Structure formats: C-alpha cells, structure tokens
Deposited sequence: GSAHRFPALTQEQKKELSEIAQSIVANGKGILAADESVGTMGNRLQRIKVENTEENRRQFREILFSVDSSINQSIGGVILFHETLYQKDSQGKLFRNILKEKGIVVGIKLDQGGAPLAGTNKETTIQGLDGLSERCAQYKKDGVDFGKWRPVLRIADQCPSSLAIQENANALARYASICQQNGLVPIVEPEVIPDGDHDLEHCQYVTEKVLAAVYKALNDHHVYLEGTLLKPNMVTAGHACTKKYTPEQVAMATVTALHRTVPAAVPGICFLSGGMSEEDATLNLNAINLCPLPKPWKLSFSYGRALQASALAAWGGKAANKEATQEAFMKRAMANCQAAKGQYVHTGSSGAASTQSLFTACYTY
C-alpha cells in the first residue's frame, strides 16, 4: 500500500518539525521499572502517582521550551494521564507546539496499535528490536518503520547499540547503519519522513568522539534523512552536551539535522530538584529548562 504524496507531506512536516531549529527530543517515556530507579536514585519511592507529578511539572514549564524541544516521547501510561486540572498530558504538550511521541516498544498488532495511537494524538513512534543478526533487526526495523508511515507516524529508527577501541566501535556502527538503511531501502521506506536515533561512537575527547561519530555517520546515513537525534545513554548532562556540540562542529559533510533525543541528560538535574516535594517546581523546571536550551545549542554548535 505505497504512500501517496499527501502521506509524505504529513510525515515530512513532522520529522522536520521535531528538529525544526535544533529542537531535540525529550525522553519522557521511561518504563514503569526504569522510572523506578530514576526516582529511586533521588531517595524517593517508585509510584504511579509520583510519576504524573514529575511529568505534569515538566510539560507545564513556560511555553518558551518549544524553542529547544521539538517533540517528546511517552511511555504508554503518560499518553493518557491528566494533569491536576484533569488536563491531558498529551494536550499540555500539543498546545505548546511540541509533538506527541509514543514508545511502541513483535510487529504483530503494530499496524493497528499505531492507527489508534495517531488518533490519540501521537505523530511518531519509537521502537528498538553476527551478519545474520545485523541483517535481522534491520529488516525488522524496515517493516516497523514502513508500518508507522502507513498510520501517519514518523519512525525513529533505532539501530541497537552493541571494552574495545573507538576505531572498533566506529567500524561496527558503520557496518550496522549500512545494513539498516540498505534494508530500509529494500522496504521502500520514505527516508524524508523518518528519523535516526544513533549512538555516539564512544569508548577520547568529544572532538575525537565527534570526529569518529560524524565520519562513520556520513559514510552511512543518507542526506535525505531530515535529522539524527542522538541518545545520551550513560552520558552525564554535561558530556551529552560537549559531544553533541563537537558533532555539530566536526569538519565533515553533514546534510542532516544533528539533534538530540535525551532523557537522562535532560531530566537528571530537574529530577533532583524535585525529590517528591512538588512545590519546588522552580528548581525542577529550572534544571530541565536549563538543559533543553543548552542541548538545543549543542544542536547548533553555538554552545
């Protein structure tokens, strides 16, 4: 059921708007379990309620945020939560211009689950599924990505990350990404209405990390991909910025928006500034709003 020019228009508008000016993506979709340690770390208990609380706070921050955040991904749960005044978390973000994202993380029930998701205000989906192996999750992605685009969703293709050297990690990422896109072509996936969520070729200063990241990236990632928001993963809010800055500085061809799709580097500080106490929204919305702008500048190199 190949896309019609119209479906592309829609897809394109979205993927492009999730990075429109350097606006990265927020990883506010952690699992019931993950959120648990996150909140746990701050010397607090993991409970459904206390979630809607740290999430209502973030999505409530000044509207200026839509200058650093182009879209936010949510766990199933949050996509339905109502803020204090019974306001849908969904709409608190939509109104302010941010785009609704949904963790779709088996391709069974996806062409159905997505169809619904779109109706429920979601415009893009996240999902992460040896030569044999490498080709597997690839054809997989390819299908899942082809599915989202059928239900007006914008696939954020995530190529799984797998003690060696940078040069090593670089060769693997390259070898992988090549299979990812090759497969994706095989499945006639509108690259324009897509988005890549790769890892930073890391173990080595940010420049060296960005020089080995972009390189491997430009040798593999097609110009037609509107943007590539990185995943912080184990990088301090201060290193997920340094690196993403150098990346947007590395002296090489870079036809795609070199954005971010952070969670630990966008919440951490704003996560401590809460600690259960729901009156210090300032400290919270302070530590969150401080990183969204900063890492919005990493996506510009003006950092």
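- Counting from residue 1 of the deposited sequence, the stretches lacking C-alpha coordinates in this chain are 1-6, 112-127, 152-160, 194-196, 238-244, 345-365.
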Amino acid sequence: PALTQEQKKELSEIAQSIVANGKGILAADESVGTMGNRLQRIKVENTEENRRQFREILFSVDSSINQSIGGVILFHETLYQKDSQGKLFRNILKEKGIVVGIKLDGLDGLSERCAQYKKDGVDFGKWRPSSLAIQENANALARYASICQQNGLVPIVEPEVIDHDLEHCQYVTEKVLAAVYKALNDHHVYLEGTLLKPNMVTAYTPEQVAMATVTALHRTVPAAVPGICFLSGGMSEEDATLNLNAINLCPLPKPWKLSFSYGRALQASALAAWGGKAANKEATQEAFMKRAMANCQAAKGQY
From here on, numbers count along this sequence of modelled residues.
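- Of the two stretches examined, 253-261 and 271-279, the record assigns the greater average C-alpha temperature factor to 271-279.
- Between the stretches 144-152 and 191-199, it is 144-152 that shows the larger average CA temperature factor.
- By the numbers in the PDB entry, the CA B factor is greatest at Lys82 among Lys175, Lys82, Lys118, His218.
- Residues shown: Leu104, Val72, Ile134, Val157. Highest C-alpha temperature factor in the entry: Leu104.
- In the PDB entry, a CA B factor belonging to the middle third of its chain's modelled residues is recorded for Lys126.
- Ranked within its chain, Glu112 lands in the lowest third, by CA B factor from the PDB record.
- Ranked by C-alpha B-factor against the other modelled residues of its chain, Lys94 falls in the lowest third.
- Among all modelled residues in this chain, the alpha-carbon of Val61 has a temperature factor (C-alpha) in the lowest third.
- In this PDB entry, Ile18 carries a Cα temperature factor that places it within the lowest third of its chain's modelled residues.
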